[PDB]
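So the structure is just underneath, and the comments pick up after that.
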Amino acid sequence: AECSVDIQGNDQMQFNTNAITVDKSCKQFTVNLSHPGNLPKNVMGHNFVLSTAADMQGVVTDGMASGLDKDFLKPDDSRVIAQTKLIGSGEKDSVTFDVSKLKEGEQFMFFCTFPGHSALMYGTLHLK
Ligand SMILES: [Cu+2]
């Protein structure tokens, strides 16, 4: 029942962690993103986006082209397993998704799609 993680993106373009692990029993997993720090959504917005590792470049490249107004995510992108909204300083957003959308045999990556960020802002998610 610890079926969450709190994760932070800061003004230094880093997530607080590079690895999330999801337990054995969770019907659902929740990611509670916050942005400590001072920069607004246009300078240093962060979202938390989850996909297969192979799907990550697509989601990031298409997201950029989709623009700020769309939280830098292609709308109705079936590659996205979970997303939060894009957030800036002092904001928060949480996403819950079904653990079953985690296809056994896959490797998963989380990342921010704000332009440039995913060079630093990425990590792995493993089903445990
Ligand atoms: Cu970011």
Side-chain angles (χ1 to χ4, degrees), residues 1-26 28-128:
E2 91 306 317
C3 294
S4 30
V5 64
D6 301 333
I7 47 103
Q8 291 149 199
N10 59 16
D11 286 341
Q12 288 71 46
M13 202 173 82
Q14 282 183 312
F15 277 129
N16 73 102
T17 169
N18 305 135
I20 306 167
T21 303
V22 315
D23 195 73
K24 304 198 169 230
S25 47
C26 300
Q28 308 218 256
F29 197 78
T30 308
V31 177
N32 304 303
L33 180 66
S34 54
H35 192 317
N38 312 125
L39 318 159
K41 214 165 51 125
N42 57 288
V43 171
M44 187 55 65
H46 306 311
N47 54 17
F48 166 95
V49 183
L50 183 64
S51 82
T52 65
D55 271 354
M56 157 174 182
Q57 195 60 83
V59 167
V60 167
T61 297
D62 299 340
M64 172 188 307
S66 293
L68 183 59
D69 293 349
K70 294 294 212 314
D71 281 2
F72 284 119
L73 279 156
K74 188 195 212 187
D76 296 305
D77 194 346
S78 61
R79 299 169 294 191
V80 176
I81 297 162
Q83 65 197 64
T84 68
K85 300 195 191 95
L86 186 74
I87 61 152
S89 167
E91 294 185 311
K92 293 197 340 268
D93 190 59
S94 313
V95 62
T96 299
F97 56 101
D98 309 314
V99 154
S100 61
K101 296 167 98 179
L102 297 161
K103 222 195 66 192
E104 173 63 54
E106 258 329 307
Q107 297 98 261
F108 306 107
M109 303 283 263
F110 68 90
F111 47 85
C112 181
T113 68
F114 188 93
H117 286 199
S118 76
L120 292 194
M121 292 185 77
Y122 73 95
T124 53
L125 180 140
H126 296 269
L127 184 289
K128 179 128 234 236

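These values consider heavy atoms only, across backbone and side chains, with no hydrogens, waters or symmetry-generated copies. Count residues from 1 along the sequence.
A donor-acceptor pair under 3.5 Å is formed between the side chain of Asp71 and the backbone N or O of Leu86. Side chain of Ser89 to backbone of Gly37: a donor-acceptor contact under 3.5 angstrom is found. Looking only at distances, a side-chain donor or acceptor of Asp77 sits under 3.5 Å from a matching main-chain atom of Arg79. Here the side chain of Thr30 pairs no donor or acceptor atom with the backbone of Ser4 at under 3.5 angstrom. With hydrogens and angles disregarded, a donor-acceptor distance shorter than 3.5 Å links the side chain of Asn10 to the backbone of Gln12. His35 contributes no side-chain N or O that, together with a main-chain N or O of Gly45, makes up a donor-acceptor pair within less than 3.5 Å.
Hydrophobic clustering (ILVMFWY, side-chain heavy atoms < 4.5 Å, transitive): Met56 and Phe48 are in distinct clusters. Two different hydrophobic clusters hold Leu50 and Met109 under the rule that ILVMFWY side chains link at heavy-atom gaps under 4.5 Å. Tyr122 and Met13 fall into different hydrophobic clusters, where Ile, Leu, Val, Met, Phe, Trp and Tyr are joined by side-chain heavy atoms under 4.5 Å apart, directly or via other members. With hydrophobic clusters built from ILVMFWY side chains whose heavy atoms lie under 4.5 angstrom apart, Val31 shares a cluster with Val99.
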#### Entry: Derivation and outcome, side chain to side chain contact (heavy atoms under 4.5 Å, CB included), residues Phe29 and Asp23
CA-CA 9 Å; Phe29 197 78; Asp23 195 73; over 6 Å; no
### Query
Would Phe72 and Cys112 satisfy side chain to side chain contact (heavy atoms under 4.5 Å, CB included), going step by step from the backbone distance to the final call?
CA-CA 9 Å; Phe72 284 119; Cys112 181; over 6 Å; no
### side chain to side chain contact (heavy atoms under 4.5 Å, CB included) between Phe97 and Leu102, intermediate numbers included
CA-CA 9 Å; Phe97 56 101; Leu102 297 161; 4.1 Å; yes
### Task
Evaluate side chain to side chain contact (heavy atoms under 4.5 Å, CB included) for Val43 paired with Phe114, printing each intermediate quantity in order.
CA-CA 9 Å; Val43 171; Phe114 188 93; over 6 Å; no
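With a 4.5 Å cut-off on side-chain heavy atoms, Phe110 and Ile7 do not count as touching. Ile20 has its side chain out of reach of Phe15: every pair of non-hydrogen atoms, C-beta onward, lies at least 4.5 Å apart. Residues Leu73 and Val59 have side chains in contact (heavy-atom distance under 4.5 Å, counting atoms from C-beta outward). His117 places a side-chain heavy atom less than 4.5 Å from the side chain of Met44.
Enclosure of atom CD in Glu104 is not indicated, since only 12 or fewer non-hydrogen atoms of other residues, nucleotides or ligands lie within 6.0 angstrom.
Judged as a salt bridge (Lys or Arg N to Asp or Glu O under 4.0 Å), and not counting sequence neighbours, the contacts of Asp93 are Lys85.
The CG atom of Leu127 sits 8.5 Å away from atom NZ of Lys24, with the distance rounded to the nearest 0.5 Å. To the nearest 0.5 Å, atom CD of residue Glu106 and atom CD1 of residue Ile81 are 7.5 Å apart. To the nearest 0.5 angstrom, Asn47 atom CG is 8.5 Å from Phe111 atom CZ. One finds the SG atom of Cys26 at 13.5 Å from the NZ atom of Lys128 (value rounded to the nearest 0.5 Å).
The nearest pair of heavy atoms linking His46 to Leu33 is O-CD2, 3.7 Å.
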